[PDB]
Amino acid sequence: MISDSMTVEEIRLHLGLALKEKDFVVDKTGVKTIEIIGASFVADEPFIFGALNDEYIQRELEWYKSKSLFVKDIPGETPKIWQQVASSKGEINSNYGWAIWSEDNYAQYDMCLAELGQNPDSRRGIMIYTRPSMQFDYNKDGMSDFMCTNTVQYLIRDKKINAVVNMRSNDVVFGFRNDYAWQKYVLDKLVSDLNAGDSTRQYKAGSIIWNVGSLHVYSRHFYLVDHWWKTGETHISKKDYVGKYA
C-alpha cells in the first residue's frame, strides 16, 4: 500500500543483495542482469543509482511534448540507444507524450483529467500507454520497442493525487531516473490543471508508486551497485571506480 511500500533505499539494498549473491539473469542480448521481480516501491527519491542528468531529461521532455514517433526529432544528436531501437524509417513506439497527448492514442491525459474533474474519487482515472496490438507493433518495420510503461493510474485521496505507475520493464540506472522525471512532470501538470479548473479543489501532488515486472540493472552498471554496496555512495564515475566489475 501507498502508506508503507518499500523505499528507494530498500530497493538499493535488494539490488545489492542480488549482485552479492550473483543472482544473474541473461538478457535478450546475451548480457547479465540482476533484477527485482514484481517490484513495488514508493519513489521517494528521483534516482536509484547514477548521476543526475537534468539536460538529457529536458531533451526527452521536449521530444515527448512534440509527440513525434521518430527518434531524430529528439533535440540534438539522438542517443545511440534510440537510434538502435528505431525502425528502418527512424520510427519507435515509446514516445510517452504521444501516449498521453495524441488523439491517435485516444486522449489519455485529457480523458483522465475530465474523469477526475467530474468524479474526484474515481477509480477510472488512468492513462493507458501500451495497447493490445503491441504484441505485433513492437517490431513494426524492424524497430525493437515493446512499450515499457503499461498504465499510470491517478487516485485523489485526502486532496493528494497519487500516481500508480505500472511498468513491465524498467532499467534502474537511466530508465528509472528519466521515467521518474516524466511521471513527476505529468503528476504536477495534472494537479495544476485540476486546481486551475476549480479553486475549491486545492489538490497537491501525492506519492508516486512504482510497480515493475522486471526492475533490472545491466552488467555495464554493476560497478554502480557494487560501489554503493561498499560505500553508500549512489554514484561514482567509471574512471574513479575500483572494484570487481571493470
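So that there is no doubt, residue numbering starts at 1 and follows the sequence shown.
Comparing the deposited coordinates for 106-114 and 78-86, the stretch with the larger average C-alpha B-factor is 78-86. In this crystal structure, the stretch out of 5-13 and 231-239 whose C-alpha atoms carry the higher mean B factor is 231-239. Ranked by C-alpha B-factor against the other modelled residues of its chain, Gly38 falls in the middle third. In the PDB entry, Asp137 places in the lowest third of its chain by CA B-factor.
In the PDB entry, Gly30 places in the highest third of its chain by CA B-factor. The entry lists a Cα temperature factor for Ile57 that places it in the highest third of the chain's modelled residues. Split the chain's modelled residues into thirds by C-alpha temperature factor. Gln202 is in the highest one.
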